[PDB]
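*Asks:* The opening residue of the sequence shown carries number 1 in PDB author numbering; numbering runs sequentially from there.
Beta carbons are placed, not taken as given, at the ideal position from N, Cα and C, and that holds for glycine.
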Amino acid sequence: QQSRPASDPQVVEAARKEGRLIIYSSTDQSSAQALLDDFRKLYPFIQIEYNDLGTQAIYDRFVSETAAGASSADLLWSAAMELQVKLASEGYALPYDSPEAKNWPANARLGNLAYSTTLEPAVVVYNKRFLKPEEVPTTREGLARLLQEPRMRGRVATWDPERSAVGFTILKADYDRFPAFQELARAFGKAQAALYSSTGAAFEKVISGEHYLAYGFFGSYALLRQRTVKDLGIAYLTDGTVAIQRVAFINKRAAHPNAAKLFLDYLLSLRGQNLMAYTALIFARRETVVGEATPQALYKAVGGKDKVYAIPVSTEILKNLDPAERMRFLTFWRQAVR
Ligand SMILES: [Cl-]
Ligand SMILES: [Cl-]
Ligand SMILES: [Cl-]
Ligand SMILES: [Cl-]
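1) How about residue 200: is its Cβ closer than 7 Å to a heavy atom in ligand 2?
2) Assign residue 257 to one of three DSSP states: helix, strand, or coil.
3) If you draw a straight line from the C-alpha of residue 339 to the C-alpha of residue 1, how long is it?
4) Just how far apart, CA to CA, sit residue 199 and residue 181?
5) Please classify residue 74: is it buried, with 16 or more other beta-carbons within 10 angstroms of its beta-carbon, or exposed?
6) Measuring from the CB of residue 100, is there a heavy atom of ligand 4 at a distance below 7 Å?
7) Going along the chain, which residues of its own chain have a beta-carbon closer than 8 Å to the beta-carbon of residue 125, five neighbours each way excluded?
8) Could you check if residue 43 belongs to the surroundings of ligand 1, using beta carbon to heavy atom distance under 7 Å?
9) Return the chain-ordered ranges of every alpha helix (DSSP H) run that is complete within the segment 252 to 319 and spans a minimum of 4 residues.
10) Does the Cβ of residue 168 have 16 or more other Cβ atoms within 10 Å, making it buried, or fewer, making it exposed?
11) Residues bridged to residue 47 by DSSP?
12) Cutting at 7 Å between CB atoms, please list the residues of its own chain near residue 225, excluding the five before and the five after it.
13) I want to check one thing, is the minimum distance from the CB of residue 104 to the heavy atoms of ligand 4 below 7 Å?
14) How many angstroms separate the CA atom of residue 86 from the CA atom of residue 17?
15) Do residue 92 and residue 61 have their C-beta atoms within less than 8 Å of each other?
16) In whole angstroms, what is the alpha-carbon distance linking residue 196 and residue 13?
17) Using the Cβ count rule (16 or more neighbours within 10 Å means buried), how would you classify residue 327?
18) Taking contact to mean 3 or more Cβ pairs, one atom from each stretch, closer than 8 Å, check whether the segment 96 to 103 and the segment 174 to 194 are in contact.
19) Have a look at 303, 276, 314 and flag the residue whose alpha-carbon is nearest the alpha-carbon of residue 294.
20) Applying the criterion that 16 or more other CB atoms from any shown protein chain within 10 Å of the CB defines a buried residue, is residue 82 buried or exposed?
21) Taking DSSP as the reference, what is the three-state secondary structure of residue 238?
22) What runs of the alpha helix (DSSP H), each 4 residues or longer, lie entirely inside the segment 120 to 178?
23) Under a Cβ-count criterion, where at least 16 other Cβ atoms within 10 Å of its own Cβ denotes burial, should residue 265 be classed as buried or exposed?
24) Pair every Cβ in the segment 42 to 55 with every Cβ in the segment 290 to 305, then say whether three or more of these pairs are closer than 8 Å.
25) In chain order, what residues place their C-beta within less than 6 Å of a heavy atom belonging to ligand 3?
26) Answer yes or no: the CB of residue 149 versus the heavy atoms of ligand 4, is any distance below 7 Å?
27) Who does residue 92 pair with in a DSSP beta bridge?
28) Any heavy atom of ligand 4 inside 7 Å of the beta-carbon of residue 141?
29) Would residue 78 and residue 246 qualify as a contact pair, given that the criterion is a beta-carbon distance under 8 Å?
30) Would residue 119 and residue 243 be called neighbours here (beta carbons separated by less than 8 Å)?
31) Please state if the CB of residue 122 and the CB of residue 115 are separated by a distance shorter than 8 Å.
32) Can you check whether the CB of residue 297 is closer than 8 Å to the CB of residue 267?
33) Using only the heavy atoms of ligand 1, determine whether one of them is closer than 7 Å to the beta carbon of residue 274.
34) Does ligand 6 have even one heavy atom less than 7 Å from the beta-carbon of residue 286?
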């Protein structure tokens, strides 16, 4: 007793003829594997080429291949929201109204061009051998107070927003939405915060104890690592949570557009959103999913849906690519943290 995605039978038959699907994705293949296996159970006639790539790498390969008239991906799935919206904003995406997106929220799609697949909170993580939960504040002001402690000097990690597309988006959204972020950033400076472009490199120092606490990394990644890392703790912010959305679109110039429609539909479905939340611990976008990596669990943890600010799948976020907008944030950031 399972659902299938509500893909049009004619799209299924055109996909059967294509026989192939090429994905460029920022989602770790180990994370996506159960999704890929389940999709191939539904559609065994589709061979998948899954290209696990960094966000900038995805954008550069896609626009370079397109520019040269080389064949490129059928489907782009990336946590770099502004780069994905920029490509859809510029006519790279195939217009497609997914039958699985009828109730997709407004801040979760750019018309019939690009869709959110996830709703992923920026959280606090910590090493349980060095900080007890009672020592870990759940507000920006609390964290700024913790980072005044001499013993927290050198013991904090966060993003380097100058070397991560995704770290920029999260910390810029924080800076734009929460006044208390400015007091927290100065505290990063006091505490000699180390800045990472890799969530993995940041978590390695937290796990080893070189840092005790990390700010601004994805709840999805933290829950996944908890499956095997028993010392990693998660604290959800109760004064306001920024959430990012992994955006998918179909290449207008896809060789296999109908296979890509099936895969998009699959990702937005009840079936695909549940499997993603259950297997990958990637926080779902779909509001009805049940489990820890879901909007309902997240709203409960932060004290309500009104405490979550979803970065929207909208051309408004292209202001983050304007140097004038970047500079006000980055000037404050460089000063506060060094
Ligand atoms: Cl359509
Ligand atoms: Cl990583
Ligand atoms: Cl925990
Ligand atoms: Cl929904």
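*Replies:* Short version:
1) Locating residue 200 in the sequence shown gives position 200, where the first residue counts as 1. The answer is yes for residue 200.
2) Within the sequence shown, residue 257 is the residue found at index 257, counting from 1. Correct three-state label for residue 257: helix.
3) The chain is shown only over 1 to 338; residue 339 falls outside these bounds and no answer can be derived.
4) The sequence position of residue 199 within the sequence shown is 199, counting from 1. The sequence position of residue 181 within the sequence shown is 181, counting from 1. Distance between the alpha carbons of residue 199 and residue 181: 20 Å.
5) Position 74 of the sequence shown holds residue 74. Counting other Cβ atoms within 10 Å of its Cβ, residue 74 reaches 16 or more and is therefore classed as buried.
6) On the sequence shown, position 100 is the one that residue 100 refers to. Incorrect: residue 100 has no Cβ contact closer than 7 Å to ligand 4.
7) Mapped onto the sequence shown, residue 125 falls at position 125. Cβ within range, chain order: 203, 206, 213, 214, 217, 222, 232, 233, 234, 235.
8) On the sequence shown, position 43 is the one that residue 43 refers to. No, Cβ of residue 43 sits at least 7 Å from all heavy atoms of ligand 1.
9) 257 to 268, 270 to 275, 295 to 302
10) Sequence index remark: in the sequence shown, residue 168 carries index 168 (1-based). Answer is buried; the Cβ neighbour count reaches 16.
11) Position 47 of the sequence shown holds residue 47. DSSP, once it has assigned bridges, lists 20 as partnering residue 47.
12) To locate residue 225, count along the sequence shown from 1; it is residue 225. Close CB contacts of residue 225 within its chain, under the 7 Å cut and outside five residues either way in sequence, are with 203, 232 (chain order).
13) Walking along the sequence shown from the start, residue 104 turns up at place 104. It does: the Cβ of residue 104 is within 7 Å (strictly closer) of some heavy atom of ligand 4.
14) On the sequence shown, residue 86 is found 86 positions in, with the first residue counted as 1. On the sequence shown, residue 17 is found 17 positions in, with the first residue counted as 1. Rounded to whole angstroms, residue 86 to residue 17 spans 31 Å at the Cα level.
15) Mapped onto the sequence shown, residue 92 falls at position 92. Mapped onto the sequence shown, residue 61 falls at position 61. No, Cβ-Cβ distance for residue 92 and residue 61 is not below 8 Å.
16) The residue labelled residue 196 in the question sits at position 196 within the sequence shown. The residue labelled residue 13 in the question sits at position 13 within the sequence shown. Taking the straight line from one Cα to the other gives about 46 Å.
17) Taking the sequence shown and counting its residues from 1, the one referred to as residue 327 is at position 327. Residue 327 is exposed by the Cβ-count criterion.
18) no
19) As a first step, residue 294 must be located in the sequence shown, where it is residue number 294. Checked all of 303, 276, 314; the closest Cα to residue 294 is 276.
20) Along the sequence shown, read from residue 1 onward, the residue named residue 82 stands at position 82. Residue 82 should be labelled buried.
21) Position 238 of the sequence shown, counted from the start, is the residue given in the question as residue 238. Note: residue 238 maps to coil in three-state DSSP.
22) As far as the segment 120 to 178 is concerned, its whole alpha helix (DSSP H) runs of at least 4 residues are 140 to 146, 165 to 177.
23) The residue given as residue 265 occupies position 265 in the sequence shown. Burial call: buried.
24) no
25) 233, 234
26) For the purposes of this step, residue 149 is taken as the residue at position 149 of the sequence shown. No, the Cβ of residue 149 stays beyond 7 Å of every heavy atom of ligand 4.
27) Reading the sequence shown from its first residue, position 92 is the one you call residue 92. Residue 92 is not bridged to any residue.
28) Your numbering for residue 141 matches position 141 in the sequence shown. No, ligand 4 has no heavy atom inside 7 Å of this Cβ.
29) By one-based count along the sequence shown, residue 78 stands at place 78. By one-based count along the sequence shown, residue 246 stands at place 246. Their beta carbons are under 8 Å apart, which means residue 78 touches residue 246 by this criterion.
30) Reading the sequence shown from its first residue, position 119 is the one you call residue 119. Reading the sequence shown from its first residue, position 243 is the one you call residue 243. Yes, the Cβ-Cβ distance between residue 119 and residue 243 is below 8 Å.
31) In the sequence shown, residue 115 corresponds to position 115, counting from 1. In the sequence shown, residue 122 corresponds to position 122, counting from 1. Result no, Cβ atoms of residue 115 and residue 122 do not sit closer than 8 Å.
32) Here the question's residue 267 lines up with position 267 in the sequence shown. Here the question's residue 297 lines up with position 297 in the sequence shown. Cβ atoms of residue 267 and residue 297: not closer than 8 Å.
33) On the sequence shown, residue 274 is found 274 positions in, with the first residue counted as 1. No, ligand 1 has no heavy atom inside 7 Å of this Cβ.
34) Here the bound small molecules are ligand 1, ligand 2, ligand 3 and ligand 4; ligand 6 is not part of this structure.
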